[PDB]
Structure formats: structure tokens, C-alpha cells
Amino acid sequence: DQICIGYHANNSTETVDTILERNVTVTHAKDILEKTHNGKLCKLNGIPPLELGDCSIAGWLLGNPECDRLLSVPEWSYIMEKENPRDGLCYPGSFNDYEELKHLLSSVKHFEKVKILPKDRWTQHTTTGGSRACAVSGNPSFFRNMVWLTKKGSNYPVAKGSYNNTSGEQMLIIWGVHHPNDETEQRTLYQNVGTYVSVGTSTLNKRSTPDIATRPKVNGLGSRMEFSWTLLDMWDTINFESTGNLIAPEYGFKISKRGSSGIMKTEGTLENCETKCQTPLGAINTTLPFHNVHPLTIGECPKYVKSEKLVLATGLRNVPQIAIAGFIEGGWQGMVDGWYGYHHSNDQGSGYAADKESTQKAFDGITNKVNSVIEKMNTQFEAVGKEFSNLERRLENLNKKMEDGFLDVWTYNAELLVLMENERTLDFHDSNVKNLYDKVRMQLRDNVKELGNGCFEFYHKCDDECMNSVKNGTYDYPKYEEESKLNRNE
Amino acid sequence: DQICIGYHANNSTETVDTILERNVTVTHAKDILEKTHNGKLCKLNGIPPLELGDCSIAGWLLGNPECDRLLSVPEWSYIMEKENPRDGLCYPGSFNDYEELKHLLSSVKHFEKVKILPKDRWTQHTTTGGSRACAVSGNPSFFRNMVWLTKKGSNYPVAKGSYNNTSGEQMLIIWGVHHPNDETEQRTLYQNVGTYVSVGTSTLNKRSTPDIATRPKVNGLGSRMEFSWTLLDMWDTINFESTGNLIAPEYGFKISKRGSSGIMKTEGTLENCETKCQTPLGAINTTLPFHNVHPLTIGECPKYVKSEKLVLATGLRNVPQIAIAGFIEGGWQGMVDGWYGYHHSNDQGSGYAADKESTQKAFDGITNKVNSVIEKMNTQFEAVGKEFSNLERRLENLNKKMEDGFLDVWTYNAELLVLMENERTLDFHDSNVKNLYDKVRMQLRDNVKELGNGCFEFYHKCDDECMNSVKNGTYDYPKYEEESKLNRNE
Amino acid sequence: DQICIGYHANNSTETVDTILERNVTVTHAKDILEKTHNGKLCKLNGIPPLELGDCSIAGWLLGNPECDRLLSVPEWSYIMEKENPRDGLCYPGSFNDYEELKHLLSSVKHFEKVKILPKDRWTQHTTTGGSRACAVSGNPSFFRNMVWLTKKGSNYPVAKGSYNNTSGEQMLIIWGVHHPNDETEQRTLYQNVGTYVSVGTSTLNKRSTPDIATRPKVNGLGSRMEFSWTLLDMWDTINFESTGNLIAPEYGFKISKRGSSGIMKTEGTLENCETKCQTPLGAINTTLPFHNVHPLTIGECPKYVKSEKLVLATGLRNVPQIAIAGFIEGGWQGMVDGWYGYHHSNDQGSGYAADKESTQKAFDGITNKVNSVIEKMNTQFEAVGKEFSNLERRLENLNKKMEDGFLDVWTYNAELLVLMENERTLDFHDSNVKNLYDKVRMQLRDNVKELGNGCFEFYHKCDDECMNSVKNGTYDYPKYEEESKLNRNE
Ligand SMILES: CC(=O)N[C@H]1[C@H]([C@H](O)[C@H](O)CO)O[C@@](O[C@@H]2[C@@H](O)[C@H](O)O[C@H](CO)[C@@H]2O)(C(=O)O)C[C@@H]1O
Ligand SMILES: CC(=O)N[C@H]1[C@H]([C@H](O)[C@H](O)CO)O[C@@](O[C@@H]2[C@@H](O)[C@H](O)O[C@H](CO)[C@@H]2O)(C(=O)O)C[C@@H]1O
Ligand SMILES: CC(=O)N[C@H]1[C@H]([C@H](O)[C@H](O)CO)O[C@@](O)(C(=O)O)C[C@@H]1O
Ligand SMILES: *[C@@H]1O[C@H](CO)[C@@H](O)[C@H](O)[C@H]1NC(C)=O
Ligand SMILES: *[C@@H]1O[C@H](CO)[C@@H](O)[C@H](O)[C@H]1NC(C)=O
Ligand SMILES: *[C@@H]1O[C@H](CO)[C@@H](O)[C@H](O)[C@H]1NC(C)=O
Ligand SMILES: *[C@@H]1O[C@H](CO)[C@@H](O)[C@H](O)[C@H]1NC(C)=O
Ligand SMILES: *[C@@H]1O[C@H](CO)[C@@H](O)[C@H](O)[C@H]1NC(C)=O
Ligand SMILES: *[C@@H]1O[C@H](CO)[C@@H](O)[C@H](O)[C@H]1NC(C)=O
Ligand SMILES: *[C@@H]1O[C@H](CO)[C@@H](O)[C@H](O)[C@H]1NC(C)=O
Ligand SMILES: *[C@@H]1O[C@H](CO)[C@@H](O)[C@H](O)[C@H]1NC(C)=O
Ligand SMILES: *[C@@H]1O[C@H](CO)[C@@H](O)[C@H](O)[C@H]1NC(C)=O
């Protein structure tokens, strides 16, 4: 009559890494790193994004003629742009504080276009100017949301305009200044030389003067256009004055909603799906705390690490080999209803079992460990992407250094944490088996023989009931004391 | 005659958290998170703060007539300001590089004022100008630290002024330029159009031109004032030249004492009390390494984390349930002078005791662990909080992201460290008790009998000397070898 | 006969610190912090650096007459500059976007100088002007890379220049503007007043106007020169137009190598050695993951920490003490070929041995632990120094905060990891010894007597063959069952 204590084995292949051993085969393991995506650009929280196509933000806001499908645009979750868009400023020039404008646009999610200065109010100036830089069907055209003011007859009277913000929210306004190529152009389009453009609000004051010089030809023109923007607050007034070289606004963009968004630089197209975290390669649907798909993500996404394998050991070491011996010689492939268990070989029968209390305690501990590792990582909505000009390289280097510093910190911490936790779990399982063996030995005392292969041989004739008794935890030592003593001495 | 080994239990109700278990009762515990504050704005290192009240830094530095209390400010420890101060620039305008000026004023103390260009030296100009915005008792007035130069008679001669810095330290100088509303104002105040303001030092060269345009009315005026500042070095000269629109300074600001300070935005008042670390809600007086009062602190303060509980286990589990028995089935309540100890029962009266060597070793170990966790944190003076304009949103986002990332790193590290150390301590105590049990068993050998509940019953008569020897560690096996063997056989 | 189980001891005095104890002497230990440098500056990847002597970057790029040793400069690995160079702008002035230029030079390893606007092309102007500030041998001179244009006779025609970039790479061009001290100087140098300087490329468009004012005397002059730079792209034209006050370029700097470099502030010369990582005090040659030599490093360097001692415990505890006893009364000094082993004493002699399996397993575990700690740190090329101007103090403070935060995080993590790992390995060794003792006891069963000091006394006659059978894990218990039985009961 023998009783043996052991653990459980299977046909698993997955391997984990500990701080002392590498490539250790375990029974059950949990992957806490996500490596897959759907490869498609989908909606964020059920709202389709804004697809600029071949247009740029400046071209969309200014009203580039090759972007007329973007005039009235619905609700958006984020903006999709190309790395090198083709349809931007049709007329060669520049845009002041472009990056700040893009950063502001990353938190809007809806604009409403309001006609603040109609084109018919300029009754003392010509408002039908155009250029071949952005022409439609051959005939010259211009930006749709802007007005080019030239001379009427041989006179250019002082141009004045005003607007009071009675719309309901903040309103973005854009204006421009034209830099000619020679004095002949200046006198042909604005009569007099030595002009200025003055813009004034409650908290703004700007005066600009055109620059006339020969420049290299871009899109066939030696002239330029410089654009500036401002934010007008509620119940505030904006004033425009000009003697020449003014590209007036006709529309203003009031902010309808506000929230969290970003700019994704992709060359793909929207397709029908819905997710919660978006990457340029695809979308992520997971509950794990780590991923290694792409550094630039928008939404509520797991932490990004430079790792290829992060596996937490959830089960026992898989020694496949085992008269049936116990935990000294290896694991057991017979018993399948528990982690730690018994095997009895009495006359009534020979069979496996599984201790319930120890297995439940170990299961609770391991599950609590996994939940502590996973559910302690704070996740927040973020748009990890910023844009800097060619004269702000130091700030870009600063941002990059911060990002890589955090990446290395998190990578090192995650790898080391996984290694030590795996070691501790593997030690914990052996400790539990040894504790069960010691408990049985202490409770059951001298009436037996310790075969030393990991299990016990009784001296009396223990029937089934005594086997359940020793498994139960309540074993009557005095009952068999006399009978066991007789055979033990002989 | 029997001897039992066990541990200590009391009526404590403290609770800690481990990596495998939650809500575990312990005998003693230490809180390493501070969650309390005085509730008062104190004096840092004895020096009282600078209380601006309803004033701004610009108002204090320029001499707003309402803020006539702060004309003789003494030494300060930190600056207290309001989120939206009321008395700032009475005459509408702007202040260039305002945030850099505030950042400089952070690491300055005491501060002295020296008259450099007395108002009585401008003998060829008028100096009694004023406005109704900065009015005292109804009559018009102006800033106290600045002079408004206006034409005298019907002429405005070229205005020149030089100052050599022989004070003894670096100096702060502020000047301004006036932007009128119409040309009639310009001719009434300065008699000529097309003026300039030129400022020159050894490392500075600035030329500014007035802007005349119609603007929205702020405080009843359409005109504006633009203010600029510079830092004059020792033995360096500053030159002012102007044809019009010059607001000259009369007082320069010498830096008197340097150090470390900051700006705190609070709607509070100073009260008689002292501290060493300050928070906008109150003062912190603690030595613990972590706190969760407020993220914006001035001084040398513990690390800020987003947690509500950080408790370290410095004791044993509280399993208070014991024919005395030992450590197998629970702790004792009679032991009041040790952690691990003995209970002895013989013919000369039973009683408790306490093993001193093991208890002392464990106490020293736990003390070293707590001191290692606490004393390896670096605490340096810092003042969390900076200011950014409305055109620097990207820099503000960068600062916010950096602070949030560090906060997340520290929170995660602290929680995981506490959990792992709690698990290790709770295993350490069990290992110590089992070590004591094994040592006693090895000493006593076959002369005794084990009972399985944690203690031994002898096979001879073991009086107080015998049992003290067992506790002492010097137990004589040969002395009772014959006596104990005789009883064991039968 | 007698067998004993023990561990190794030696004469080492290396001490390590754990989380529970301090100053624990160990047999072997490994230092993972580097503290040694050669105290010399030398080549990075074989290329000698660019030693600027007493010159500065601006003085080198503009051609200071006292910097004529750098007119033709070969390839470099990094740049060495003094903190306060004596030789800079000989003519007093400024240099716009200097820090951006230095950052650009922090990623270029070779320049090629190309003559783009020959000095003899200006046939309508005088090009021989020079000043006493940049004097050579007592005669007035000027920069060697720039041309000072001045009126010929009594006429200053419009000056026009152009250059088309057909060189083959990106190019750097620097121009200047002159600010005189009085109208007399302007009239004597350029005849006319009301002057502009215009520079134009396909992206850049700049117009500047001279300022005439009385300024403090620097280097004996009250005039200034302001320099600006631009990056011309391939197949792009740059145009210069001027009516006066133009300091034209004569040379352009084409990028020829491109790579990763940096600027180091030092005060020494260049020696003959080679290194992969460089610090201002010396070079580092190590494979360890941490160092405390200097924070400002250039190259591929280990992490910087503020610790003074980081030692990992590789060997076991040194407890020098003692037939002879076992592992409870100290470690054996006579064992030299292993970590854990046996001592045997029988009628054919006495001696020591070593258990190869346990020692090999422990050695592999410790090696893997050290390798895991060491080879999981990412070492990329980096340059830490960054330069900021006097108006960018907030940016500098943000940079300093990031560096301090990362330093603190890494120091805390390294120290805590070392302490915890030392405690775990010190427990690991004791666990291994106890496991060997338990294995021998289980194999030997009741045939022996456990003396209690780690030694077993046999109840029979055991020759050398039986002793070796015990050590190799193959003991035939039944064969000695009968013989050892008689001696036990007698
Ligand atoms: C020298 C001086 O301070 N002169 C005026 C001053 C200026 O005219 C300028 O407006 C600076 O603020 O302005 C003050 O007076 C004004 C009114 O009294 C007048 O009715 O309307 C003016 C505007 O058209 C102007 O507001 C003022 O600021 O109240 C004071 C002083 O007379
Ligand atoms: C074409 C030229 O370099 N001419 C002067 C030059 C200019 O007058 C200007 O000052 C640029 O530095 O300046 C030099 O000469 C000067 C003295 O010789 C003279 O006594 O005082 C001048 C100032 O009032 C001026 O300093 C010079 O820099 O020394 C050289 C050259 O003659
Ligand atoms: C009012 C106006 O737009 N005038 C003419 C402009 C200007 O003269 C400048 O060239 C500015 O581009 O130029 C065009 O010839 C051209 O761009 O082809 C179009 C048009 O005839
Ligand atoms: C572990 O196994 C992988 C294959 O899955 C192999 O590439 C790697 O070299 C192994 N490492 C060790 C240390 O055996
Ligand atoms: C703008 O309109 C608001 C009401 O919508 C009014 O109170 C305000 O006075 C107006 N602005 C001006 C300059 O009149
Ligand atoms: C096992 O213990 C339970 C107590 O929960 C008892 O009800 C049951 O009868 C016991 N079984 C045996 C075989 O002793
Ligand atoms: C300013 O005063 C110092 C004396 O402390 C003198 O050396 C210096 O020349 C003076 N400045 C000027 C411009 O003369
Ligand atoms: C801080 O608390 C201690 C009590 O531990 C007290 O002695 C000390 O006076 C307190 N200091 C302040 C500034 O409140
Ligand atoms: C107990 O140990 C102490 C050692 O400090 C010794 O002085 C004393 O005599 C010992 N007593 C007995 C009864 O062994
Ligand atoms: C450990 O040794 C160092 C000398 O190396 C000594 O300064 C320190 O005080 C010692 N610490 C303890 C706890 O003995
Ligand atoms: C650096 O150390 C290595 C040892 O691995 C040695 O071979 C090499 O010569 C050393 N180089 C220098 C420049 O000291
Ligand atoms: C162990 O060594 C002994 C030598 O005494 C040898 O007889 C035996 O076969 C060895 N066993 C194994 C498994 O290597």
C-alpha cells in the first residue's frame, strides 16, 4: 500500500525565460505582448476620420482649387495626411506658425464655416484676381476662401474691414500678404508703392510691409504669398486695414466641438471596420499591457517596448517522465484535474487524484500575480506625434531623446520583471509540493516507511477510507499505532 | 514535559497587500505615504514670502498706482500670485518675454531698487503725462516707476540717456513704446510723424517703430504700450535714444540676493507658521519618501505618486488561534516580549519565554530593509511649475508629457516594489520559524518525540536546567542517552 | 567511518551589500560599475578630432585672421572647444541662430570649401576694406572668407549676385549686415542712406535694414556686424541684392561626409590613442553596463549613475570555521576544486571531494544571472552636451530636469536590483547545500546516524567504493540492509 505526492504534466511546447535558466518548457503560459494587427485604417469610437487625400492642411483651409471635395467636411476622429502632399499652396509662399496651427487642429474634431466678410462689400476695389499657378480647366483661378484685392480703374482707396465675434465659440481667421517680383507688378496691381497691411484685435497688433525683389521661380512665378492666422475669442472684434498687398479672408472657422485627436501620416485609404487604438500599419484590439507594432499610435494603447517575447509562466515546469514514483523523479501525465495531487495503490484500487485546497491556493496566487502585473499599468488617450520646423531641430532632438529614454526604461523594467517573476513562480511550485509532502509526513509520523523516491509505503493495511482520511487532513494516528508497531519491529 | 516553538500575535487590525494575496492582517506595519498637510501658507526657512495680493509681476515691477504697498518689498522666500490677478497693466498693452522674466525672478531674492535716470533731468521735455485708466482719486496718473516723455511747447528734441552700471551686481531695466490710435494723437503728443526708439548695450541693439491703427477699445482706449526688458551686466553702459513714443525708466532693479524660489498660484494669505516643503493646499512636515497631496510643490519634498495606500509589513501575520500548541496551527497571545519564542511545560510550573538571538536578527534585518527602501531616495530642492504663452502650446505639451511619464514610472515602481517586498517579508518570517524548529530538532535528536502541531515531548525528565539548556543551545546528548533510550524501547 | 557535506571557503576579503545585511564577505564578487579612465583625449573610431585651439565655430567659419591654421581642415570625429574662446568675432557683433548652427555641425564630419562668388566679379565696388580690430602684423585686415563692399569713387551702384548649386550636396552660406555708429560713417562708406539688404532662395526670403546709433565701445568700436546663415539645397539658386551695408560671402561650405558627432568643451590637447567612448576627463574602455566618470559623454557609453559601489555577489558567504563538522559550523578551507562537496573519513584514509553536478548547475545559474543583468542594456551612439542661449533658459531648465530625472530613476533601479539579487543569490547557495544534504539523507535512510553537524556516521563498514557510490547517487540500500541492522539495535 503506497501513496505518492506529485504534480501534473502535459504535452505543451511553450517556453519561458528566467534569470537563472533559459528555454524552460512550462505547462501553461501567458503572453503579455501583442504582435498582430488588422492592417486596415478604421474608425475611432464609431466616427470616420478626415481623409485629406492629396491635399494639405494649408491647402484645405485656404481652399485650394484641386481640393473642392473638402469644402464642407463632417465630424472627424483624427486627420489622415500624406508625408509629401502635392496639392498645398498653389501660389508659392510660406505659412507662419504652421506647426502650432496643426497642433491646435489636433484637438478640434469639428469646424463650422461662417461668412464673415462677403466679396460684394468691396465696392471700391476689384475682386476678380487670379493666377495660372492654380487654374481650373485652363482659365486662371484662386483660393476659394480668400479674396485678392486689386485696383479699380487707376485708384486703390484705403481698404477697411471689421468683424465682431457673435457666433458662439472661438473662431480661426487667416489672412495673407503678397510679395511681388518687381516695381512694375506693384504699380500694375496696386498703383502706389510703399504699402502696409495692419491687423488688429484686442490682444494682437501686426503691421507688415511687402518685400520686392527678384527670386528663383517656383511654379513659374517669382512672387510669393505669406499667410498668418489668429484666434478670435467670443465678443471680440478684428480690424483689417490696408493700402495694398492684402489677401483678405472671406470665411472663418469656428470651433464646434473639442476633444482629443491627432495627425496620422499614412498613404492608405479608409475601409469599413471599428477599433479603439490606431497605428499607421493597422489597428490593435487587445487587453494586454504591451505591444511592439509601431511607436506612433493614436488612442488608448498599450505601452510600446523594443521586445520580441514577453511571456509569464502560469504553470509548472514540464518534466515529462515520472511502480509509479513521485515528485523526485519528475511529473505525472496521468492526473489532469489539478496541479498538485496524490496517487494511491491499495488493494481496493490504484488511481490518481488531485488535492483541491493546495491547487486552489496556488491558482488564486498566480491569478492575483498576473492581475497585479497587468491591471497596474495606467492607460490614457494619447497621440504620440509632433511636428517641428527646419529651424527647430534642437526641440526635435529633445523630444526624441525623451521618447527613447522612456522606451528603454520601460523595456528594461518589463524584461527584468518577467524574468524575476518567472523564477519566483517556478520556485513557488516546488515549495508547494515540498510543503504538501512535509505536511503528510508530519501528520502521519512513524507508522510508515519513506521509500525516498518521493512517496510513502504504509506498514498496516490501509483501506480506502484511511486513504481519504490522509488526503482529508484528519488521520487517526492512535488507531493503527499498536498494529503498525508489531510489523515495523519485525 | 514538553516544549513548543511559536510566534507572536496581538489585537492589531492593520492590513497590507502582497503580490499573491490581498488584505492580509499583520502585527506591525509602516506607512511610507504621507497624506496630510497643515492647511496653511507658511514661511520657508524663516523668510516670509512675497504676497502680491491682487497684483501681477508686471504691475509690481512697473509701479501700478493700486499696488503702492509693494514699493519697498523686503527679502522673500517665494512669490505668491493669483491665477487671474486683477491689477496688472492698467494701460492696455503687452510685455515681451514675460515668462522668461518670471523664470528669472524665480531664482532671485530680496531685490533692490536704484534710481538711475531721475525724472528731473529731462529739461527739454514734458514729464507729467497721465491717463484715466491708471487714475488715483479720479485725477489721471501713470506708473510710478516710469516716465512718459511728451513734447514741451511745440518741439520734441532728440532724447538721449545713458547709464553706467556701477551698482555692484546685475541689473534689470524695463522700457516701453507707445502705439497711438490716430495721427492726430501722434501730432498732439510728439509733434512729428515717423519716429523711432533705439536701445543699445554692449550685447543688445534694438530699434522699434510705432504702429498707428484703429483697434478695439480695452479699458476705454484704442492705444497700446509695448514693454521690453534687459539684464545689464557690471561695468556696462546702456543708451536710450528717441525721437518719439518713448516711455523711459526711472528705477533699475539690482539683484541683491540669489538662491532658489518659485511662483505659487494661490488664493490665500500668509499665516504665522513655518515649514520646509510647501504645497498650495498646505505645508508638509514628514520624512517619508512618498506623498500624494499636490503635484506642484516648492522646496525639498517627497516623490509624488498617484496612490492611496503604500504600507510595508514590518511584522508577522496575525493568525490568533493557539493543551498548548505551536506554529503549525497559529500564533500565540501570551508572548509579549519577542517575535519567535518558546512555551515550556514541566513539573515546576509552565510558562512562556522569547528567543532573543533569532528575534534580534530578524528585527535588524527588517529595519535594514525599511531603511534601504527609504534612504536610497534623492531629495533635492525643486519648484515644479512653469509658465508658457499661447503661442508655445507645443512646449507646454512637452513639459506635461515629461511630468506625466515620470509620475507613471514612479507610481508603477513604488507599487510593485511594495508588493514584492511584502511577499518576501512574509516568507522570511515563516522560514525563520521553521529554521528554529529544525535547529531544536537537530539538537534533540532521538531522545524526544514530535507531535506534528509544532513541538516536542521528551522521553525523559527534563527540568528547568535541561530546558534552559535546550533554549540556550548547549544540550548534552550523552547525559540522558541511557535514560531516554530505556523508555523509548517500551 | 564518517561522511560530511559542506561548502567552500577562501581568503578573500570582498564585501557586498544585501537588502537585509551590510558588509558581507563573499568568496567571489563582480563589479558592474566602471570608475577608471586614461586621462587623455584621442581618436574616436580612428579619426582624430577637430582641435579648434583658442578659436570658436564662428571664427573658424568666417575666417578670423588669427585662425589661419584651420583654413583647410581634414575629417574629424568630434569637435573640441574651450569654454571661453579668446578668438571669435574680431569685429564686434552677433550671430543669429548660432546654437542651431552648432547643432547642425554636430552631425557633419567633413566640409568642402567652394569658391562661389569670386572677389574680382565686383568690378563696380571696392573690396579691400578692413578694420583695425582684425589687424595682422599691425595692418588693418578683415575676415578671410567674406568681402566688405564699399563705394568706388563717389558711387555705390546696386549690387547683385547669384549662385546656382551644381556642386553635388547641401551647402552652407553665411552673409552679414553692417551697423555703423553715425551718419558720417554711413555716408563715407556707402554714400547714400536708406539702405536695404535682400537675400532670396526658393524657400528663404529676407530683407534687412541697417541701424545707425551710438553704442558702447567693444574692441574699440561702436559699430556692429550681424551674421546670418542658410542651407542651400541641390539645384537651387541663391540671390543677393544690396544698396549698401552688405558683407558678402566668398566661399560656401558643402557637406561632404555626414555622420554622428558632437561638441566637447575641454581645455587640453590631442594624444595618441583610440577609443569608442570619450569623456572630458578621459576615455573609457569597459564592457560593464554602468559608470560614474562623467555625465557628458560622446560615443557608445554605459549608463551614468550617482553610485560609488555596485557589486554583485557571485560566490558564496565566507564563514571560516570547521573530525570536522559540516555546513552549520562554517565553510571548509580545504576544498579547492568546487563550491559544494564532501569530506570522507574511513579506514583507507580521509579526504575532500567536490560534487560536480551541483557546482556546475549553480555556476551556470550565476553566469546567466550576470549576463541577464549586463546584456539587456541598450548602448547606442549618443552626445549629451546641448547649448542654449540667454533667452532660452526655460528650455535649458527642461533639458536639465529630464537629465536629472533619468539619472535618479536609473540610480534607484540599479541599487535596488543589486541589493535584491545579492540577497537572492545568498539564499540560493544555502538552499543548494541543504538540498544536497537532504538528497544524501534520503538516499542513506536509516542505515546511518545523523550527528547533527551535517555529518553522517555509518552503522556498517564502508570502503572507498561505497563512499564513491554515495557521492555519485547510486547507493544499494538492500545490500547493506542486514549488516547495518545488527549494529543499530546493539
Ligand atoms: C498726455 C496724455 O496723457 N494725454 C491724454 C491721453 C492721450 O490722449 C492718449 O489717449 C493716452 O491714453 O489720453 C487721456 O485722454 C483722452 C480723453 O480725455 C479724450 O476725451 O479722448 C482721448 C481719446 O480720443 C483720450 O482717451 C485718457 O487716456 O483718458 C488722458 C490725457 O488727456
Ligand atoms: C572702409 C573701412 O574699413 N574704414 C575704416 C573703418 C570704418 O570707419 C568703421 O569704423 C568700421 O570699423 O574703421 C577703422 O577706422 C577708424 C579709425 O581709424 C578712426 O580714427 O575712427 C573711426 C571711428 O570714428 C574708426 O574706428 C577701424 O575700425 O579702426 C578702419 C578703417 O579706416
Ligand atoms: C490681378 C492679377 O492677378 N494679375 C495678373 C497676375 C499678376 O500680374 C502677377 O503675375 C501675380 O501673379 O499674374 C498673372 O499674370 C499670372 O499669375 O499668370 C495673372 C494676372 O494676369
Ligand atoms: C532557445 O530556443 C530558441 C529556439 O526556439 C533558440 O533560437 C535559442 O538559441 C535557444 N536558446 C538557448 C539559450 O538555448
Ligand atoms: C460685439 O457684439 C457684442 C454682442 O454680441 C457687444 O456686446 C459688443 O459691444 C460688440 N462689440 C463692439 C466693439 O461693439
Ligand atoms: C473528510 O472531512 C470532512 C470534513 O469537512 C468530513 O465531513 C468527511 O466525513 C471526512 N471524510 C473522511 C473519509 O473522513
Ligand atoms: C563705467 O564705469 C567704470 C568704472 O567703474 C569705467 O571703467 C567704465 O569705463 C565706465 N563706462 C564707460 C562707457 O566709460
Ligand atoms: C514636524 O513634526 C515634528 C514631530 O515629529 C515636530 O517636532 C516639528 O516641530 C514639526 N515641524 C514643523 C515645522 O511643523
Ligand atoms: C547558557 O548560556 C550562557 C552563555 O551566555 C552561559 O553563560 C550559561 O552558563 C548557560 N547556561 C546553561 C544552563 O547552559
Ligand atoms: C561597512 O564598511 C564600511 C567601510 O568599507 C563602513 O564605512 C561602514 O560603516 C560599514 N557598515 C556597517 C553597517 O558596518
Ligand atoms: C581595451 O580593452 C581591451 C580588453 O578587452 C584591450 O584588448 C584593448 O587593447 C583596450 N584598448 C585600449 C585602447 O586600451
Ligand atoms: C558513479 O560512480 C561510480 C564509481 O564509484 C560508478 O561505479 C557508477 O557507475 C557511477 N554511476 C553513474 C550513474 O555514473
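When reading the values below, keep in mind they use all heavy atoms of this one structure, side chains included, and skip hydrogens, waters and symmetry mates. Both counts, for ligands and for their atoms, begin at 1 and track the order of listing. Note on naming: letters A, B, ... go to the chains in the order of the sequence lines (proteins, then strands), and numbering restarts at 1 for each one.
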For A:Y459, what residues pass the ring pair (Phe, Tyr, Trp, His ring centres under 6.0 Å) criterion, not counting sequence neighbours? none
Verify the distance criterion only: is there a donor paired with an acceptor across the side chains of [X] and [Y] at less than 3.5 Å?
{"X": "B:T195", "Y": "B:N245", "result": "yes"}
{"X": "A:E241", "Y": "B:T214", "result": "no"}
{"X": "A:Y437", "Y": "A:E450", "result": "yes"}
{"X": "A:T367", "Y": "A:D364", "result": "no"}
{"X": "A:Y340", "Y": "A:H8", "result": "no"}

Nearest non-hydrogen protein atom, [atom]:
{"atom": "atom 27 (C) of ligand 1", "result": "B:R132 N, 3.9 Å"}
{"atom": "atom 2 (C) of ligand 1", "result": "B:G130 O, 3.6 Å"}
{"atom": "atom 8 (O) of ligand 1", "result": "B:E185 CG, 4.3 Å"}
{"atom": "atom 25 (C) of ligand 1", "result": "B:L221 CD2, 4.5 Å"}

Judged by atom type as modelled, is there a donor-acceptor pair below 3.5 Å linking the side chain of B:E226 to the main-chain atoms of B:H179? no
As an exercise, identify every atom of ligand 1 less than 4.0 angstrom from a heavy atom of B:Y91. 11 (C), 12 (O)
Atoms of ligand 1 close to B:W148 [distance to a heavy atom under 4.0 angstrom, numbered from 1]: 3 (O), 11 (C)
According to the interplanar angle, ranging from 0 to 90°, do the rings of A:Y480 and A:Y475 count as parallel (below 30°), tilted (30 to 60°) or perpendicular (above 60°)? parallel
Once you measure the plane-to-plane angle for A:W339 and A:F363, does it fall in the parallel (<30°), tilted (30-60°) or perpendicular (>60°) bin? tilted
Residues pairing under salt bridge (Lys or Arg N to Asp or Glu O under 4.0 Å) where one sits in residues 431-447 of chain A, two or more places apart or in two chains, turn out to be A:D438-A:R441, A:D446-A:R488
Not counting sequence neighbours, which residues clear side chain to side chain contact (heavy atoms under 4.5 Å, CB included) with B:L101? List them please. B:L61, B:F95, B:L104, B:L105, B:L172, B:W229
For atom 1 (C) of ligand 1, which candidate among B:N219, B:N181, B:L189, B:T126 holds the nearest heavy atom? B:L189
Kindly indicate whether [atom] is approached by any protein heavy atom to under 4.0 angstrom.
{"atom": "atom 10 (O) of ligand 1", "value": "yes"}
{"atom": "atom 29 (O) of ligand 1", "value": "yes"}
{"atom": "atom 13 (O) of ligand 1", "value": "no"}
{"atom": "atom 22 (C) of ligand 1", "value": "no"}

From CD1 (C:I212) to CG (C:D182), nearest 0.5 Å: 8.5 Å
Evaluate B:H178 for polar contact with ligand 1, using N/O atom pairs at a separation under 3.5 Å. no
Assess the pair A:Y352 and A:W332: is the distance between their ring centroids shorter than 6.0 Å? yes
Report yes or no: does B:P140 have a heavy atom closer than 4.0 Å to ligand 1? no
Could you go through ligand 7 and note, for every N or O atom, any protein N or O atom closer than 3.5 angstrom, writing the atom names and distance to 0.1 Å, or 'none'?
from: ligand 7; atom 1: 2 (O); to: B:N164; atom 2: ND2; distance (Å): 2.4
from: ligand 7; atom 1: 11 (N); to: B:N164; atom 2: ND2; distance (Å): 2.9

Flag A:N472 as yes when one of its N or O atoms lies below 3.5 Å from any N or O atom of ligand 6, and as no otherwise. yes
